[PDB]
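*Asks:* Quick one: the structure is below, and I'll ask about it shortly.
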Amino acid sequence: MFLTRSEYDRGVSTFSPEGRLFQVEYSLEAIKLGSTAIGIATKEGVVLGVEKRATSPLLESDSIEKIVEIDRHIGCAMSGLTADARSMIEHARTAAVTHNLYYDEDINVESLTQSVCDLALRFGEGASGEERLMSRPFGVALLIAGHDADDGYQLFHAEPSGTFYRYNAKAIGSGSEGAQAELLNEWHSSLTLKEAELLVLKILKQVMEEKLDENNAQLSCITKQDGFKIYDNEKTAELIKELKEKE
Amino acid sequence: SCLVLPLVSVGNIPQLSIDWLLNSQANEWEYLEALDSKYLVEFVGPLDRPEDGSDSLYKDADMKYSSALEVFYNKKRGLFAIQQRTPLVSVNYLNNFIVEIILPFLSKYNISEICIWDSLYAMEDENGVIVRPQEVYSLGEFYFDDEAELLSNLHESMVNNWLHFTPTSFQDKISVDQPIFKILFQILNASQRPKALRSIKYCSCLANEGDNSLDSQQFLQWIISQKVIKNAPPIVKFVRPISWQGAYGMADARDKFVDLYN
Amino acid sequence: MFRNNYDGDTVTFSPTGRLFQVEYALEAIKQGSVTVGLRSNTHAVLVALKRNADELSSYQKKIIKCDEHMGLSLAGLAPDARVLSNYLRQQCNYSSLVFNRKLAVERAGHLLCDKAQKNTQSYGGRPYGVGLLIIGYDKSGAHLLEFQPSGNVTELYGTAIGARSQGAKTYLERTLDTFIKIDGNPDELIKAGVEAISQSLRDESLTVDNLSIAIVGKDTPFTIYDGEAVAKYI
Amino acid sequence: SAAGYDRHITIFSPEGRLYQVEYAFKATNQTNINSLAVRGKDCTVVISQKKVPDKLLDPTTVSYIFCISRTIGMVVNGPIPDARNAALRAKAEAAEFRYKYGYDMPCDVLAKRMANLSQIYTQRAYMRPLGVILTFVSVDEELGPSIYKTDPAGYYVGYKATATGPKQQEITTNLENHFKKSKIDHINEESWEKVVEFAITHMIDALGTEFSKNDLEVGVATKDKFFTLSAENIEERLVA
Amino acid sequence: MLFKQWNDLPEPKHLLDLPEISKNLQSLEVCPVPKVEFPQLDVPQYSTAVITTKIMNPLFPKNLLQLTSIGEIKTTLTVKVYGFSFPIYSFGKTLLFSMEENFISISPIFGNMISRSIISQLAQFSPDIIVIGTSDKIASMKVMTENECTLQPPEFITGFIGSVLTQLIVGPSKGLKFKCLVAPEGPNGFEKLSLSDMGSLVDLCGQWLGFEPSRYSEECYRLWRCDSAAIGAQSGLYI
Amino acid sequence: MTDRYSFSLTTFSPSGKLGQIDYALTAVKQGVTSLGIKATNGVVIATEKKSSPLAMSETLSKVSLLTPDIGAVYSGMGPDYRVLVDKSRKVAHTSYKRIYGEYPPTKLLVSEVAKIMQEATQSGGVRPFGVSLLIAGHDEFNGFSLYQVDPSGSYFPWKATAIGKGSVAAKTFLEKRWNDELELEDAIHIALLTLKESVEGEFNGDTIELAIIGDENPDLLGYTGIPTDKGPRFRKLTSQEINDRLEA
Amino acid sequence: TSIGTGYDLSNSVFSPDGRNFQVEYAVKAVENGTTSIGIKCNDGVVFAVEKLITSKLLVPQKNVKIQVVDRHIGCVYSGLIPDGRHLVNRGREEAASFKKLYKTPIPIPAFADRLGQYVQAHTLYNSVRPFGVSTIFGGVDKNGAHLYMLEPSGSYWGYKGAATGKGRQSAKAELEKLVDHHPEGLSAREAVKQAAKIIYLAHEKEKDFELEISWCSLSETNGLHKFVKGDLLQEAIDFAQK
Amino acid sequence: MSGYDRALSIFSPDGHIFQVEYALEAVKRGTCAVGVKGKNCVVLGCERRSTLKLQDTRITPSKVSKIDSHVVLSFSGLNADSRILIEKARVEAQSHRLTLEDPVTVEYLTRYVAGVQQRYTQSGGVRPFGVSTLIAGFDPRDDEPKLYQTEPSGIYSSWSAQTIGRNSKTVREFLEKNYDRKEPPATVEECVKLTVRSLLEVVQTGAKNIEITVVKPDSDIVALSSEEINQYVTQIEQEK
């Protein structure tokens, strides 16, 4: 009966006595160190929204890219380490383009998400039995918003553990707790695209330390007709003014 | 009257040795007091018992919990023993722990001898204090009455020669980085050190990390055989406490995994 | 305390002769939800309780089809379940392509055991941490197997794995003579499985969102029921 | 104690020693068995003590003497798994020498080859030395009767006669005394049976104990073949 | 892998990699001890006090209990400066002392001093005391009192909960009644719990605090799965 | 991919010393003494064949011919020396004989051996060699030469030197007994005298190993008919010759 | 000391006394396994295993604790189940390769040597661990009946009677008594009865177990490995009880 | 620390990789570098350690290196690693020009350098580059100035004005107080003056320890001489 140090949480291939892998937990903590991203799925499209957190005013605000296009019908928002996200985005774009080349059709949103999760599995044995490729798990989480003919509009949450979930509304990053608590109460199946955008802006304003404006926040949407588009500053400013007038 | 103080060192060998000492001679030992655990990592747990079925050292009926730092007393031999569950929160507070805890206890109980148990890891011997690697144990003795010249003085680095080690010990000098050097400096430089304290003995071993139960038993056997403590009687039975049955987890967890062992 | 010095990896024995990393991998199974499998002389059934992250999320898929005549359910680590399911699909595909054969269930169990044993004796990797229940129908009839990631496989009439599976297992063992003779009546066997998995519920009720069923049989290909398809079984 | 990374791998200690090599040397005496090798005029004799205290063992399967090639025999001091490993390696080496150079491998060359492999083990961090001592005997077509010995350190050397084991000092002293009396480096006998009897008597005198037919193993190398005697042959040799 | 690195030998585990108070390790002086200021709150107005850590935040829903902040316990350390703030909450006639632990940046000495101050202040009126915590040495959920210990050797409790129990049991103001609830990995401030243990905690906390099981269970269940500290990778790693 | 590399077994200490090289030097200092003396018309290399009494001295030789004009001796660990000698004999042919049709000069072969020894210190798989080598030779354009090579791979030329357990006293004796007009026979006598103070037990031709680099030996060529074919210059003295020189 | 501190945290390391403690710990793991025995009769081998009674849900005919490496080789093991399965698979592969190459069933000593070399190869590097199983195997070849026991160190020997597992001491005592009382030899059926008796004695604390007996005899099974049928198994159980 | 800082592949319990932070600490010890882009140019300024009396100055390498006729690069941190990075960047620029007939853009080269730095953090047997880089230029057939910053972890960002290295916090604060994005310096002279004044906040000696390089569209790269920098310093001091 003595207190001694335990070192089961250092190796990614080491089990805890209860069967946990604590390096994955610490990667999730690294994700929580990132900025906030929110996705809301409706029947008229899916809305993504991120907070632009700038350490210095000299940083170009139009340079932070937390929202990227994987394909015309698939967009993504990232939270965590940027280089890991860059690698994952490259892989996802390659998968979509190659599927189009070989099958002459758009890839399903769930199929792309599964491919990304299979890539994330590479810190261990691969999904098809490939050898280990990474020394550590990724430290970034993804929100993948897409539209396909088979399943309509979809929103997926992808984690470094290699598991993805389908969500009606999701939040990741530093303010993910309060944002998700608000999403649990403010989401319903009959939301319109405009209402979803306003709700995303409101929840971002709630969990942001700085005052919400067009410079420190970014919005994007995906619809069946227009595809994936990131709103310019003027449209977001108009939406913020409308939300302020409503509240 | 001698007080046995273990140090949190490599392998937890001194602490385990204490578990060997109290449990093997449980008839002569009783729980005495709980010292202040201000500078330790605080500890709460049940009352340990010997495996052989002897009565618990905690004679108080209503007592139900044990603390980090506890002092046991042997009336027949008049020996105090310190049992410590957790290390110090930081090394910087070591100077406090000897001064604000150990020295007041020595003054209060008029203890005339302090024996400190310690272990050393050979791979960390940066100052080369190990001169005879073929020897496992080291013993050092210090007397205030004999060393009257050195006690009264004004006060050449990375080493200390105050202790007197036997020629068969593995070391002749101690390193300044070792905790024992700081403990000795605090004891000798103390203004309110008890006048009854006359002998400081230091028993150290060399070992490695792992299951050090047998190593601790052999260390205790060597300490007893050398008669470092005058009133310490030889141990023949060597009973373990029941807590050691949970060293590898649950006692009967091997039969749980029927898919692995058959 | 002494266990803490000998649980670093899978190539280290304890002084008492224990391999702790494999034990931890086995313990990882109870972190998953309960799944039940049973069979008769003509059909084999899997029943799974699915879990969701929250009310806004979907439920995890616990039943995966390997081939028209064989499937499995999982309990434990998701990546290991994904890897093993893909491996079994590859082996069935190889059998069909090269020999025009339907892969036997016993052969699949042997292959899984061989693959799992390797990770428990070499340095660099970790043991798998998911338990599997495999059902199938082949030339020897209906088969149910339990796979433990230490590299063990057992053949049973019925079993349950996952958290709180002991109640379902006890119910299955008590009523073995009942479902052992439900031949030609798939509905009765599925109902028995549903009752068995209900025996393991704690402050929860089966819904059309958290219940998953799978059946294979003599003339019935491996079929998975989710949603309204299980509504009549609740 | 090695007291450092030398507790696992073969690197230099501050004193300039390799502790893993010395520990393999210590492991060579685990079986508590002594072996003796002597040279005749045209034969070489090896005798190994056999200890089978367990009644459940089959004695016929207990042996530390191996046939490496047609003319080369080997005796091993140490644990039997490493002994069998070394035996298979030596067989492969002898066959490969014959294939590559067109004539049978000499005993000393094989000993040098095994010593070079042991040197690899002593120098490489991720390879451990084998805890065995090897003694190759033959009747070489150029050098006559030959005994060579190799150790875990990679050291090999030839001997007029040799002894290996916990009681090797007494046997070596007795051999030295006999050779000083005879003033020759070999045994002056014409039949290998007489050499076998002399070696048995020397072992009995050195160890101070009597041996039966089941307590010893005997191997004899002539210019034609190396062969191991059976229980009946040893029993016949004892009667003299 | 063909091999394991030759220099990859484990270090001795008898020492805990706790943060250092002063950058000078060879000094022979006396290290300063942090001081705790308890704000002055009407202690007799409250009949019950619950002491726990931030990992048990989902057990106390804000809306249902109407949590209100009273004041802040101050902690200061000066070494030749570290400052910490300890919020105090109140719901109904119950006080709540929830401490945040961080083995990376916060030394246990702050927790020891805070526990001593809290116990000394609360001993002036002898109210009901409830302690909620976790331990990585126990195999199942434990309920303990001042006159009963369900722990079996070698199980034990350490950390802030250990400090609080030590002050309650062998402190100068000992003998006070308390109910302690301990749940069965991870370092201080980064611990994880299983779903079954979380549900058991919810049920026992509701029983001890006197609330309707249904609404309290729903609120706590919702709070646990909203990316709480102890629910890190449960959903995404196990099925 | 943690198995694609192994960390260095030889690293710098804070004082600026490579510990493994120093420990290999310590192992060299614990070995049997070996010396070399350079004269005007030859070089002498000597060592003590310290050994079991039942071991045949002629089977194991610490002096090795590298080329017909270059020989070597060592102090330290025997197996490392044997491996290095095999490698040096092979390298003399791979790099020089099959390219220029000639055997290499002494300095270049010494450089090759030194490079091989140096590569053992920039490694994560092997520890450095534990031997020190004395290499004596003759070549057409440089005359007679004697070199010492250390475990670190450093090498230096010497007029006379000694390595091993009794290196300091032997060096003192050689310093007090060396001149630039010495002859080969005088060098042999001085080598015997120096080895006399180092050997503790029997000091005869069965416990001493001597080799010389002197004049060509037509009798050791093995064939006759080509006047321009020079015989070997390396020659190992027999036990009888050593006994005769000791008696005189 | 049974615990070598500082020399037991990596495979293929020598202690100052020349011991390999990881192999010894694998032996400790073996010693906690189920009791298994083997008896060599006049012209064959008999294997006996004690089994714990499991749930009724297990299929009775698909749970066999005695493995058949080849038509003439029987095998049992004590220790880790996956290690035993791996070793049995390797043995089957070796036997098949030998039979394909040389058109004859592999002799028992050659099979034993191949298994021993394979096991010994796992005590050479730190990237693997020794097998945690001890294996008792045997059979009949042109030279007669052979029984061998193989240990985690790779050491194997031929035996007149072998035992492994928790109840190894009592089983070994009974085997020694059986050898002493039958200097002339023993027959296959008498060996089956004695194996049943020895398993029953070694089991005796949860008095609930089953017994599996297999045999290979030239006179009885024509030099083939076969499980003991209902009548002979019942007779052996009755003899063991009485 | 606390045992989580001995490898690149270890996450801290709070989700940090400490070796990356330590590489940033190594970067912090290098000389300060500043990048400021105006309306039609980019200016890179560098602090130079005072040259020793006996040190040759004609062939000493400059702190600003030309990756291509339109892209330049400055660095802060370990000087020796910067050479490897610069060589790789130049090779990549030529390779892209050969493969696609088009010269690289500034963002593409920044991404390539960041990719190399990221790759050198993906193995336990390699050491990351302890260098932070500032990459400036103009895209081909374009007139929009581009300035990017790259870090040892492989992260890159785009800045209107940025500082790296020793005492970069003071220079960053000065730039934040004295730079307006909506009204950048409309001329080269204003941008150079702002850069020099920013560097003078931390440079001790003055003009002789300041290097200024100016990049304009259409592949116009100019390295200002010591006389021009001295004139700028004297004008700034007079206006002060």
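Protein chains in written order, with PDB author numbering: chain E, 1 to 247; chain 5, 2 to 156, 161 to 267; chain F, 1 to 234; chain A, 8 to 243, 245 to 248; chain 4, 1 to 40, 42 to 81, 117 to 220, 222 to 276; chain B, 1 to 51, 53 to 249; chain G, 2 to 205, 208 to 245; chain D, 1 to 240.
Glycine included, C-beta positions come from ideal geometry on N, C-alpha and C.
(1) Alpha carbon to alpha carbon, how far is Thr-163 (chain E) from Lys-118 (chain F)?
(2) In three-state DSSP terms, what is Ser-128 (chain E)?
(3) Is the beta carbon of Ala-219 (chain 4) less than 7 Å from the beta carbon of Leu-238 (chain 4)?
(4) Look at the alpha carbon of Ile-174 (chain 4) and the alpha carbon of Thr-186 (chain 4), and state the distance between them as a whole number of angstroms.
(5) Using a Cβ cut-off of 7 Å, pull out every chain I residue sitting near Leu-274 (chain 4), in sequence order please.
(6) Given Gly-168 (chain G), which residues of its chain have a CB within under 6 Å of its CB, disregarding the five upstream and five downstream residues?
(7) Counting only beta-carbon atoms, is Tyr-157 (chain F) nearer than 7 Å to chain 4?
(8) According to DSSP, is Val-12 (chain E) helix, strand or coil?
(9) Can you check whether the C-beta of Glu-23 (chain F) is within less than 7 Å of a C-beta belonging to chain 5?
(10) Please state whether DSSP places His-188 (chain E) in a helix, a strand or coil.
(11) State the beta-bridge partners of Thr-36 (chain G) as determined by DSSP.
(12) So within the stretch 20-63 of chain E, which uninterrupted beta strand (DSSP E) runs reach at least 3 residues, ignoring any that extend past its ends?
(13) Below 8 Å on the Cβ atoms is my contact criterion, and I expect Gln-160 (chain 4) with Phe-127 (chain 4) to pass it. Report the Cβ-Cβ distance as a whole number of Å.
(14) Kindly give me the distance between the Cβ atoms of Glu-25 (chain E) and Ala-270 (chain 4), rounded to whole angstroms, as I take these residues to be in contact under 8 Å.
(15) As an exercise, report each continuous alpha helix (DSSP H) stretch of at least 4 residues that is fully enclosed by the stretch 69-144 of chain 5, in chain order.
(16) Could you please give the first and the last residue of the uninterrupted alpha helix (DSSP H) stretch that includes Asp-187 (chain F)?
(17) Using a 10 Å radius around the Cβ and a threshold of 16 neighbouring Cβ atoms, would you call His-188 (chain E) buried or exposed?
(18) Applying the criterion that 16 or more other CB atoms from any shown protein chain within 10 Å of the CB defines a buried residue, is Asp-104 (chain E) buried or exposed?
(19) Going by alpha carbons, who is nearest to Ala-170 (chain B) out of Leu-185 (chain B), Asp-181 (chain B), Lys-197 (chain B)?
(20) For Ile-140 (chain 4), which of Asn-7 (chain 4), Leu-274 (chain 4), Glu-256 (chain 4), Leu-16 (chain 4) has the nearest alpha-carbon?
(21) With the cut-off set at 7 Å, would you say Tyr-94 (chain 5) and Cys-31 (chain 4) are in Cβ contact?
(22) Who are the neighbours of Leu-2 (chain 4) on chain G, taking C-beta pairs under 9 Å?
(23) Taking the continuous beta strand (DSSP E) assigned at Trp-158 (chain G), which residues delimit it?
(24) To be precise: take each residue of the stretch 9-23 of chain E, compare its Cβ to all Cβ atoms of chain D, and keep it if any distance is under 9 Å. Which residues remain?
(25) Which residues, in chain order, does the stretch 75-97 of chain G contribute to contact with chain F at a C-beta distance below 8 Å?
(26) Would you check if the distance between the CB atom of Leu-185 (chain B) and the CB atom of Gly-206 (chain B) is smaller than 7 Å?
(27) Where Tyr-59 (chain F) and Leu-155 (chain E) are concerned, what is the direct C-alpha to C-alpha distance, given to the nearest angstrom?
*Replies:* Result, derived from the coordinates:
(1) 25 Å
(2) coil
(3) yes
(4) 10 Å
(5) No chain I is part of this structure, whose protein chains are labelled E, 5, F, A, 4, B, G and D.
(6) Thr-36, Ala-203
(7) no
(8) coil
(9) By this cut-off, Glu-23 (chain F) is an interface position.
(10) coil
(11) Looking at the DSSP assignment, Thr-36 (chain G) forms no beta bridge with any residue, so it has no partner.
(12) Those beta strand (DSSP E) runs which fall completely within the stretch 20-63 of chain E and span 3+ residues are 37-42, 45-51.
(13) With 8 Å as the limit, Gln-160 (chain 4) and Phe-127 (chain 4) do not qualify as a contact, their Cβ atoms being about 22 Å apart.
(14) 5 Å
(15) 95-98, 104-110
(16) 186-198
(17) Taking all protein chains in view, the Cβ of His-188 (chain E) is surrounded by fewer than 16 other Cβ atoms within 10 Å, so the residue is classified as exposed.
(18) exposed
(19) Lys-197 (chain B)
(20) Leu-16 (chain 4)
(21) Cβ distance < 7 Å, so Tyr-94 (chain 5) and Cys-31 (chain 4) count as in contact.
(22) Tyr-126, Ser-128
(23) 157-159
(24) Look at the stretch 9-23 of chain E: the residues with a C-beta under 9 Å from a C-beta of chain D are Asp-9, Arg-10, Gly-11, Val-12, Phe-22, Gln-23.
(25) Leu-81, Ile-82, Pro-83, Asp-84, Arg-86, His-87, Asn-90
(26) no
(27) 14 Å
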